[PDB]
Amino acid sequence: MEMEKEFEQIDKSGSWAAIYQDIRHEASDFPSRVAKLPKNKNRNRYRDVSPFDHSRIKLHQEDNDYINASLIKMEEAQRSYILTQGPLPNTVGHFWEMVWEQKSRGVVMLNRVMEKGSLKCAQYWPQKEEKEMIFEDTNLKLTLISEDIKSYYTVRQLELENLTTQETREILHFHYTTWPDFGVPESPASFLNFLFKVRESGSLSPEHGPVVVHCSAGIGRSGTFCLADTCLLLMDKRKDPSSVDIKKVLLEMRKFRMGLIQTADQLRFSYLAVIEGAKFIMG
Ligand SMILES: Oc1ccc(CNCc2cccs2)cc1
């Protein structure tokens with residue numbers, strides 16, 4: 001079925017939970033043996049969220065190459081994404097090592113450091129120009145260059161230096177700051193505006209390594225971001241945009257990381273975003 005009318009049909013019939021459970025039943029199951037080794041327990045935020053072995057990002061280290069991060073490679077859309085958990089106190093150096101080694105331009109953050117009164121990720125970037133951060137375990141230096149605070153999101157320019165080679169690179173930090181503590185946004189308008197700002201920066205383009213996207217577990221909000229982006233790109237590429245099937249795209253992405261889209265409300269929100277976005281792209 002088309003999307004917008006499939007949407008109204010699920011709303012009128014109140015069957016979002018049943019649709020979402022079908023997706024959960026049909027989703028791929030691949031091994032995640034490296035994630036579950038005992039030496040990696042303090043590298044995982046949640047015991048039930050792990051990268052598959054076949055698609056995990058490897059650190060270029062011979063001691064321990066493990067990080068909770070997955071490469072999502074979308075062949076028809078010609079887009080790649082790295083989805084990862086919010087960094088832990090003992091993995092902030094690993095996180096920036098990955099950004100460096102994978103040649104990423106942009107980092108997309110979809111959570112606040114504190115939500116619901118608890119910490120959802122480490123403070124992993126510097127908050128003042130004159131107070132830079134050094135990660136001694138991976139030999140990197142990170143400096144805040146500029147910060148632009150808007151009503152729904154903040155964009156930061158950061159300088160990452162490999163202290164071993166003295167090479168430097170500019171990283172863009174796109175921070176969506178207004179996702180509610182409970183539920184999903186009422187309107188997708190500010191989320192779509194944010195997605196378009198990431199796009200306009202070049203961070204998603206083939207001349208760079210894959211964008212790094214995270215929330216707390218790296219599957220819910222993060223899944224919503226890459227699902228909406230890929231579906232909108234496919235609608236631009238195909239002769240028949242109504243052929244794009246968001247449930248099929250989601251199941252393809254779940255071949256590369258488990259659990260993408262965590263609730264039926266996040267599934268409905270993804271439909272809403274793609275539907276509204278497809279009208280702005282044109283006419
Ligand atoms: O330092 C840390 C201590 C524990 C945790 C959480 N570990 C979750 C688990 C993963 C696998 C089995 S249990 C994170 C960091």
# chains A, B, ... in the order shown; residues from 1 in each chain; ligands from 1
$ residues_near_ligand --ligand "ligand 1" --cutoff "8 Å" --atoms "only C-alpha atoms and all ligand atoms" --output "ChimeraX atom specification"
/A:35-36,38,40-48,88-90
$ write_last_selection --atoms "C-alpha atoms" --output "CSV table (one decimal), in the first residue's frame"
chain,number,residue,atom,x,y,z
A,35,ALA,CA,30.1,-8.0,22.4
A,36,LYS,CA,29.4,-10.6,25.0
A,38,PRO,CA,33.6,-10.8,29.7
A,40,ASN,CA,33.8,-6.1,27.2
A,41,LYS,CA,31.2,-5.8,29.9
A,42,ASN,CA,32.1,-2.3,30.9
A,43,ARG,CA,32.1,-1.2,27.2
A,44,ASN,CA,28.3,-1.9,26.8
A,45,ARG,CA,25.7,0.4,28.4
A,46,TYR,CA,22.8,-2.1,28.1
A,47,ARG,CA,23.1,-5.9,28.3
A,48,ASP,CA,20.3,-6.4,25.7
A,88,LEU,CA,30.4,5.8,28.7
A,89,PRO,CA,33.1,7.3,31.0
A,90,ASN,CA,35.5,4.5,30.0
$ residues_around --residues "residue 101 in chain A" --least-positions-apart "2" --cutoff "8 Å" --atoms "only C-alpha atoms" --output "ChimeraX atom specification"
/A:59-60,97-99,103
$ write_last_selection --atoms "N, CA, C and O atoms" --output "PDB file, in the first residue's frame"
ATOM      1  N   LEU A  59      37.837  -1.013  16.162  1.00  0.00           N
ATOM      2  CA  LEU A  59      38.923  -0.078  16.443  1.00  0.00           C
ATOM      3  C   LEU A  59      40.245  -0.635  15.909  1.00  0.00           C
ATOM      4  O   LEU A  59      40.483  -1.848  15.937  1.00  0.00           O
ATOM      5  N   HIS A  60      41.113   0.266  15.429  1.00  0.00           N
ATOM      6  CA  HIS A  60      42.426  -0.113  14.887  1.00  0.00           C
ATOM      7  C   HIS A  60      43.423  -0.199  16.041  1.00  0.00           C
ATOM      8  O   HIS A  60      44.341   0.603  16.196  1.00  0.00           O
ATOM      9  N   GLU A  97      38.407   7.896  18.776  1.00  0.00           N
ATOM     10  CA  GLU A  97      39.257   7.055  17.929  1.00  0.00           C
ATOM     11  C   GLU A  97      38.488   6.560  16.701  1.00  0.00           C
ATOM     12  O   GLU A  97      39.001   6.611  15.571  1.00  0.00           O
ATOM     13  N   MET A  98      37.246   6.087  16.904  1.00  0.00           N
ATOM     14  CA  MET A  98      36.395   5.645  15.797  1.00  0.00           C
ATOM     15  C   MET A  98      36.108   6.774  14.813  1.00  0.00           C
ATOM     16  O   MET A  98      36.240   6.611  13.593  1.00  0.00           O
ATOM     17  N   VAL A  99      35.689   7.938  15.325  1.00  0.00           N
ATOM     18  CA  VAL A  99      35.439   9.085  14.454  1.00  0.00           C
ATOM     19  C   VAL A  99      36.658   9.348  13.568  1.00  0.00           C
ATOM     20  O   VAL A  99      36.529   9.575  12.358  1.00  0.00           O
ATOM     21  N   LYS A 103      36.999   8.423   9.313  1.00  0.00           N
ATOM     22  CA  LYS A 103      37.002   9.642   8.489  1.00  0.00           C
ATOM     23  C   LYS A 103      35.644  10.347   8.457  1.00  0.00           C
ATOM     24  O   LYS A 103      35.294  11.037   7.500  1.00  0.00           O
TER      25      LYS A 103
END
$ residues_around --residues "range 164-174 of chain A" --least-positions-apart "2" --cutoff "9 Å" --atoms "only C-alpha atoms" --output "ChimeraX atom specification"
/A:99-100,104-110,139-140,153-162,176,194,197-198,201,203
$ atom_distance --atom1 "CA of residue 28 in chain A" --atom2 "CA of residue 11 in chain A"
27.0 Å
$ closest_residue --among "A:229, A:75, A:265, A:236" --to "residue 183 in chain A" --atoms "only C-alpha atoms"
A:265
$ atom_distance --atom1 "CA of residue 58 in chain A" --atom2 "CA of residue 210 in chain A"
14.0 Å
$ closest_residue --among "A:120, A:112, A:24, A:199" --to "residue 177 in chain A" --atoms "only C-alpha atoms"
A:112
$ atom_distance --atom1 "CA of residue 26 in chain A" --atom2 "CA of residue 271 in chain A"
19.0 Å
$ residues_around --residues "residue 192 in chain A" --least-positions-apart "5" --cutoff "10 Å" --atoms "only C-alpha atoms" --output "number ranges by chain"
A: 187, 197-198, 225, 228-229, 273-274, 276-277, 280
$ select_by_dssp --residues "range 88-248 of chain A" --states "strand (DSSP E or B)" --output "VMD selection string"
chain A and resid 104 106 to 109 114 to 115 118 to 119 133 to 135 140 to 149 153 to 162 167 to 176 209 211 to 214
$ write_last_selection --atoms "N, CA and C atoms" --output "short mmCIF file (atom, residue, chain, number, x, y, z; two decimals), in the first residue's frame"
data_model
loop_
_atom_site.label_atom_id
_atom_site.label_comp_id
_atom_site.auth_asym_id
_atom_site.auth_seq_id
_atom_site.Cartn_x
_atom_site.Cartn_y
_atom_site.Cartn_z
N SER A 104 34.88 10.23 9.55
CA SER A 104 33.60 10.90 9.63
C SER A 104 33.77 12.43 9.70
N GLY A 106 30.75 14.38 10.55
CA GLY A 106 29.73 14.84 11.48
C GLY A 106 29.39 13.79 12.52
N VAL A 107 28.95 14.29 13.69
CA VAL A 107 28.39 13.49 14.79
C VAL A 107 26.99 14.04 15.07
N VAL A 108 25.99 13.15 15.10
CA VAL A 108 24.59 13.49 15.35
C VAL A 108 24.20 12.92 16.73
N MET A 109 23.81 13.81 17.66
CA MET A 109 23.41 13.46 19.03
C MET A 109 21.93 13.79 19.24
N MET A 114 21.68 14.56 30.60
CA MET A 114 20.77 14.10 31.65
C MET A 114 19.33 14.14 31.17
N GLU A 115 18.61 13.02 31.33
CA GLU A 115 17.17 12.96 31.08
C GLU A 115 16.52 12.13 32.20
N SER A 118 18.62 11.12 35.30
CA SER A 118 19.71 10.15 35.26
C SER A 118 20.64 10.49 34.09
N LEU A 119 21.87 10.02 34.16
CA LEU A 119 22.83 10.29 33.08
C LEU A 119 22.59 9.32 31.93
N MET A 133 40.05 19.09 25.72
CA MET A 133 40.03 17.74 26.29
C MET A 133 41.14 16.92 25.66
N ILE A 134 41.85 16.15 26.48
CA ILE A 134 42.85 15.21 26.00
C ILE A 134 42.43 13.81 26.42
N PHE A 135 42.45 12.88 25.47
CA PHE A 135 42.11 11.47 25.70
C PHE A 135 43.43 10.71 25.63
N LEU A 140 44.41 11.55 21.49
CA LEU A 140 43.67 12.54 20.73
C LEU A 140 43.41 13.79 21.59
N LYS A 141 43.33 14.94 20.92
CA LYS A 141 42.99 16.21 21.54
C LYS A 141 41.77 16.80 20.84
N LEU A 142 40.84 17.34 21.63
CA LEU A 142 39.57 17.85 21.11
C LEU A 142 39.32 19.26 21.66
N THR A 143 39.12 20.22 20.76
CA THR A 143 38.93 21.64 21.09
C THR A 143 37.62 22.18 20.53
N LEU A 144 36.85 22.90 21.36
CA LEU A 144 35.66 23.61 20.91
C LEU A 144 36.07 24.87 20.15
N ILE A 145 35.62 24.99 18.90
CA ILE A 145 35.97 26.13 18.03
C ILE A 145 34.86 27.19 18.02
N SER A 146 33.60 26.77 17.95
CA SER A 146 32.45 27.66 17.94
C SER A 146 31.20 26.85 18.26
N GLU A 147 30.14 27.56 18.65
CA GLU A 147 28.87 26.98 19.09
C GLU A 147 27.74 27.90 18.67
N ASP A 148 26.70 27.34 18.04
CA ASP A 148 25.53 28.11 17.60
C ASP A 148 24.28 27.46 18.20
N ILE A 149 23.66 28.12 19.18
CA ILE A 149 22.52 27.58 19.92
C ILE A 149 21.23 28.13 19.33
N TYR A 153 17.89 22.92 18.34
CA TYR A 153 19.15 22.21 18.26
C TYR A 153 20.31 23.20 18.34
N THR A 154 21.49 22.65 18.60
CA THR A 154 22.76 23.36 18.67
C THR A 154 23.75 22.72 17.71
N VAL A 155 24.50 23.54 16.96
CA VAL A 155 25.61 23.07 16.11
C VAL A 155 26.92 23.58 16.64
N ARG A 156 27.88 22.69 16.78
CA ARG A 156 29.22 23.02 17.25
C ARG A 156 30.28 22.66 16.21
N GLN A 157 31.29 23.53 16.06
CA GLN A 157 32.50 23.20 15.34
C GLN A 157 33.57 22.77 16.33
N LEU A 158 34.15 21.58 16.09
CA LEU A 158 35.17 20.98 16.92
C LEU A 158 36.43 20.70 16.09
N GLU A 159 37.61 20.77 16.73
CA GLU A 159 38.87 20.37 16.11
C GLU A 159 39.38 19.12 16.81
N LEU A 160 39.57 18.05 16.04
CA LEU A 160 40.16 16.82 16.52
C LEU A 160 41.59 16.69 16.00
N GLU A 161 42.54 16.51 16.91
CA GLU A 161 43.94 16.36 16.56
C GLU A 161 44.45 14.99 16.96
N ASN A 162 45.05 14.30 16.00
CA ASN A 162 45.78 13.07 16.28
C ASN A 162 47.16 13.45 16.79
N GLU A 167 48.26 15.64 12.73
CA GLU A 167 47.18 15.95 11.80
C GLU A 167 45.96 16.46 12.57
N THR A 168 45.22 17.38 11.93
CA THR A 168 43.99 17.94 12.49
C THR A 168 42.83 17.83 11.50
N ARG A 169 41.61 17.73 12.04
CA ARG A 169 40.40 17.71 11.22
C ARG A 169 39.27 18.46 11.90
N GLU A 170 38.41 19.06 11.09
CA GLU A 170 37.21 19.72 11.58
C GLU A 170 36.03 18.75 11.64
N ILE A 171 35.44 18.58 12.83
CA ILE A 171 34.24 17.77 13.04
C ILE A 171 33.06 18.68 13.38
N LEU A 172 31.90 18.43 12.76
CA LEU A 172 30.64 19.14 13.07
C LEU A 172 29.77 18.30 14.01
N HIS A 173 29.33 18.90 15.13
CA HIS A 173 28.47 18.26 16.14
C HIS A 173 27.06 18.82 16.04
N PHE A 174 26.11 17.98 15.61
CA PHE A 174 24.71 18.35 15.45
C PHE A 174 23.91 17.75 16.61
N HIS A 175 23.42 18.62 17.51
CA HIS A 175 22.82 18.19 18.77
C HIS A 175 21.35 18.59 18.81
N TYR A 176 20.46 17.60 18.63
CA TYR A 176 19.03 17.82 18.74
C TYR A 176 18.67 17.81 20.23
N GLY A 209 33.67 9.85 5.34
CA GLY A 209 33.30 8.62 6.01
C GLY A 209 31.88 8.73 6.54
N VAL A 211 28.55 9.27 8.68
CA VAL A 211 28.14 10.03 9.86
C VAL A 211 28.02 9.08 11.06
N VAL A 212 28.38 9.57 12.25
CA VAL A 212 28.20 8.81 13.49
C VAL A 212 26.92 9.32 14.18
N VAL A 213 25.93 8.44 14.45
CA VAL A 213 24.69 8.90 15.07
C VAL A 213 24.42 8.10 16.35
N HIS A 214 24.05 8.83 17.41
CA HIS A 214 23.81 8.17 18.70
C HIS A 214 22.67 8.83 19.47
#
$ select_by_dssp --residues "range 188-222 of chain A" --states "helix (DSSP H, G or I)" --output "ChimeraX atom specification"
/A:189-200,221-222
$ closest_residue --among "A:113, A:227, A:163, A:122" --to "residue 95 in chain A" --atoms "only C-alpha atoms"
A:122
$ closest_atom_pairs --of "range 159-271 of chain A" --to "range 62-71 of chain A" --cutoff "12 Å" --atoms "only C-alpha atoms" --output "CSV"
residue,atom,partner,partner_atom,distance
A:209,CA,A:71,CA,11.0
A:210,CA,A:71,CA,8.3
A:211,CA,A:71,CA,10.0
A:212,CA,A:69,CA,9.1
A:213,CA,A:69,CA,9.6
A:214,CA,A:69,CA,9.3
A:215,CA,A:69,CA,11.8
A:216,CA,A:68,CA,11.6
A:217,CA,A:68,CA,9.4
A:218,CA,A:69,CA,8.2
A:219,CA,A:70,CA,10.3
A:222,CA,A:70,CA,11.8
A:223,CA,A:70,CA,11.8
A:226,CA,A:71,CA,11.8
A:253,CA,A:71,CA,9.8
A:254,CA,A:70,CA,10.7
A:255,CA,A:71,CA,10.4
A:256,CA,A:71,CA,6.7
A:257,CA,A:70,CA,6.2
A:258,CA,A:70,CA,9.5
A:260,CA,A:70,CA,11.5
$ residues_around --residues "range 76-78 of chain A" --least-positions-apart "5" --cutoff "9 Å" --atoms "only C-alpha atoms" --output "PyMOL selection string"
chain A and resi 206+230-231+233-234+237
$ write_last_selection --atoms "C-alpha atoms" --output "tab-separated table (two decimals), in the first residue's frame"
chain	number	residue	atom	x	y	z
A	206	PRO	CA	30.04	10.16	-0.10
A	230	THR	CA	16.89	6.82	3.67
A	231	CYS	CA	13.15	6.70	2.88
A	233	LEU	CA	16.25	9.73	-0.48
A	234	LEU	CA	14.63	6.67	-2.12
A	237	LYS	CA	15.59	8.41	-6.74
$ residues_around --residues "residue 264 in chain A" --least-positions-apart "3" --cutoff "10 Å" --atoms "only C-alpha atoms" --output "number ranges by chain"
A: 15-21, 261, 267-270
$ decode --residues "range 114-139 of chain A" --atoms "N, CA, C and O atoms" --output "tab-separated table (two decimals), in the first residue's frame"
chain	number	residue	atom	x	y	z
A	114	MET	N	21.68	14.56	30.60
A	114	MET	CA	20.77	14.10	31.65
A	114	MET	C	19.33	14.14	31.17
A	114	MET	O	18.87	15.18	30.65
A	115	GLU	N	18.61	13.02	31.33
A	115	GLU	CA	17.17	12.96	31.08
A	115	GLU	C	16.52	12.13	32.20
A	115	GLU	O	17.10	11.17	32.69
A	116	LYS	N	15.28	12.48	32.55
A	116	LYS	CA	14.57	11.74	33.60
A	116	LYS	C	15.39	11.65	34.90
A	116	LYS	O	15.33	10.65	35.63
A	117	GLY	N	16.21	12.66	35.18
A	117	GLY	CA	17.05	12.68	36.38
A	117	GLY	C	18.24	11.75	36.42
A	117	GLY	O	18.86	11.62	37.48
A	118	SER	N	18.62	11.12	35.30
A	118	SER	CA	19.71	10.15	35.26
A	118	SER	C	20.64	10.49	34.09
A	118	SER	O	20.22	11.13	33.14
A	119	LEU	N	21.87	10.02	34.16
A	119	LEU	CA	22.83	10.29	33.08
A	119	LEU	C	22.59	9.32	31.93
A	119	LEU	O	22.56	8.10	32.12
A	120	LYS	N	22.42	9.86	30.72
A	120	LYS	CA	22.21	9.06	29.52
A	120	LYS	C	23.46	8.92	28.66
A	120	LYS	O	23.49	8.06	27.77
A	121	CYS	N	24.46	9.78	28.86
A	121	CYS	CA	25.79	9.58	28.27
A	121	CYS	C	26.78	10.54	28.93
A	121	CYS	O	26.40	11.47	29.64
A	122	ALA	N	28.06	10.26	28.72
A	122	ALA	CA	29.14	11.07	29.28
A	122	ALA	C	29.20	12.44	28.61
A	122	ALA	O	28.77	12.61	27.48
A	123	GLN	N	29.76	13.43	29.33
A	123	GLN	CA	30.03	14.75	28.73
A	123	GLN	C	31.30	14.61	27.91
A	123	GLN	O	32.41	14.78	28.41
A	124	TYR	N	31.17	14.29	26.60
A	124	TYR	CA	32.29	13.80	25.83
A	124	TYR	C	32.90	14.86	24.91
A	124	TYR	O	33.81	14.54	24.14
A	125	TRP	N	32.43	16.11	24.98
A	125	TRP	CA	33.00	17.20	24.21
A	125	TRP	C	33.19	18.42	25.12
A	125	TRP	O	32.53	18.53	26.17
A	126	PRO	N	34.10	19.33	24.77
A	126	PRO	CA	34.41	20.46	25.66
A	126	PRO	C	33.38	21.57	25.54
A	126	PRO	O	32.82	21.84	24.48
A	127	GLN	N	33.11	22.22	26.69
A	127	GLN	CA	32.05	23.22	26.75
A	127	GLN	C	32.57	24.66	26.67
A	127	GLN	O	31.77	25.58	26.47
A	128	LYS	N	33.89	24.85	26.80
A	128	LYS	CA	34.53	26.15	26.69
A	128	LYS	C	35.77	26.10	25.80
A	128	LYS	O	36.61	25.19	25.92
A	129	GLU	N	35.91	27.11	24.92
A	129	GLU	CA	37.05	27.19	23.99
A	129	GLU	C	38.39	26.96	24.69
A	129	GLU	O	39.25	26.21	24.21
A	130	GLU	N	38.61	27.64	25.82
A	130	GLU	CA	39.91	27.61	26.47
A	130	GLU	C	40.15	26.38	27.34
A	130	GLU	O	41.23	26.27	27.94
A	131	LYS	N	39.20	25.43	27.42
A	131	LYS	CA	39.33	24.20	28.22
A	131	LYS	C	39.20	22.97	27.31
A	131	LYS	O	38.16	22.31	27.32
A	132	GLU	N	40.27	22.65	26.58
A	132	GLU	CA	40.22	21.52	25.67
A	132	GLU	C	40.31	20.19	26.44
A	132	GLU	O	40.60	20.15	27.64
A	133	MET	N	40.05	19.09	25.72
A	133	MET	CA	40.03	17.74	26.29
A	133	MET	C	41.14	16.92	25.66
A	133	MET	O	41.37	17.01	24.45
A	134	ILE	N	41.85	16.15	26.48
A	134	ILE	CA	42.85	15.21	26.00
A	134	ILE	C	42.43	13.81	26.42
A	134	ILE	O	42.08	13.58	27.58
A	135	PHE	N	42.45	12.88	25.47
A	135	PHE	CA	42.11	11.47	25.70
A	135	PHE	C	43.43	10.71	25.63
A	135	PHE	O	43.97	10.46	24.55
A	136	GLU	N	43.98	10.38	26.80
A	136	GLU	CA	45.33	9.84	26.84
A	136	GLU	C	45.38	8.42	26.32
A	136	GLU	O	46.38	8.04	25.68
A	137	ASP	N	44.32	7.62	26.55
A	137	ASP	CA	44.35	6.23	26.13
A	137	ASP	C	44.41	6.08	24.60
A	137	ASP	O	44.97	5.10	24.11
A	138	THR	N	43.88	7.04	23.83
A	138	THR	CA	43.90	6.96	22.37
A	138	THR	C	44.70	8.09	21.71
A	138	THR	O	44.72	8.17	20.47
A	139	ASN	N	45.31	8.97	22.50
A	139	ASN	CA	46.22	10.01	22.01
A	139	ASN	C	45.55	10.99	21.05
A	139	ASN	O	46.07	11.29	19.97
